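Enquirer: Please find the sequence and an experimentally derived structure below.
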Amino acid sequence: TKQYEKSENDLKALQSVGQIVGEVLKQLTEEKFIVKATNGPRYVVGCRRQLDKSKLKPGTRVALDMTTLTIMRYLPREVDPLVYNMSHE
Amino acid sequence: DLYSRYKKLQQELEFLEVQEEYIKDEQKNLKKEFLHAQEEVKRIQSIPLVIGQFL
């Protein structure tokens, strides 16, 4: 009954724009990190206060914000074709 | 006549005496305004930035 309105409230979360992934390189200081998007441009940007120490990493894939380009949460990877190689028997 | 100018000449004397605190108070303000201008140029651009290669 009320589960439909729950999906309607999920559409309000769908209004949020997706962020842009990137690959970190190294760090100049704690306030300056060098990240490189999959597209190839590099950005020295600041970071927000909600992240943790696991964000730093030695060049691990991260996602960049759409404005400050700060890293919110790092996604490990994504692969479309993998499932077609999973089914061999 | 010589006492006349003797009563005239201390005017610009005292007029430049108040011109001492004129500049000295003005220049220190502007100095603090120039130190405030140092925070300006250091504020720009803050974040974010993009990497580039010097030629």
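Expert: Noted; the coordinates are in hand. Numbering: from 1, shown residues only, chains lettered A, B, ... in the order given.
Enquirer: Close to chain A: what parts of chain B are there?
Expert: Counting by C-beta under 8 Å from any C-beta of the partner chain, chain B comes close to chain A at B:47-51. In short, each C-beta sits where N, CA and C put it, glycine included.
Enquirer: Mind checking which of the residues you listed are buried?
Expert: Buried residues within the residues of chain B next to chain A, defined by neighbour count using 16 or more other C-beta atoms under 10 Å in any protein chain shown: none.
Enquirer: Kindly reformat those residues as TSV containing distance to residue A:65 and secondary structure.
Expert: Below are those laid out as TSV (distance: C-beta to C-beta, whole Å; DSSP: H, G, I helix; E, B strand; the rest coil):
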residue	distance to residue A:65	secondary structure
B:47	11	coil
B:48	9	coil
B:49	14	coil
B:50	14	coil
B:51	17	coil
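Enquirer: and residue A:24, that one's in a strand?
Expert: Yes: counting by DSSP: H, G, I helix; E, B strand; the rest coil, residue A:24 is located in a strand.
Enquirer: can you list the residues of chain B next to chain A in CSV and add distance to residue A:82?
Expert: Output for these, formatted as CSV (distance: C-beta to C-beta, whole Å):
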residue, distance to residue A:82
B:47, 37
B:48, 34
B:49, 36
B:50, 33
B:51, 32
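Enquirer: If anything else comes up later, I'll come back, but that's it for now.
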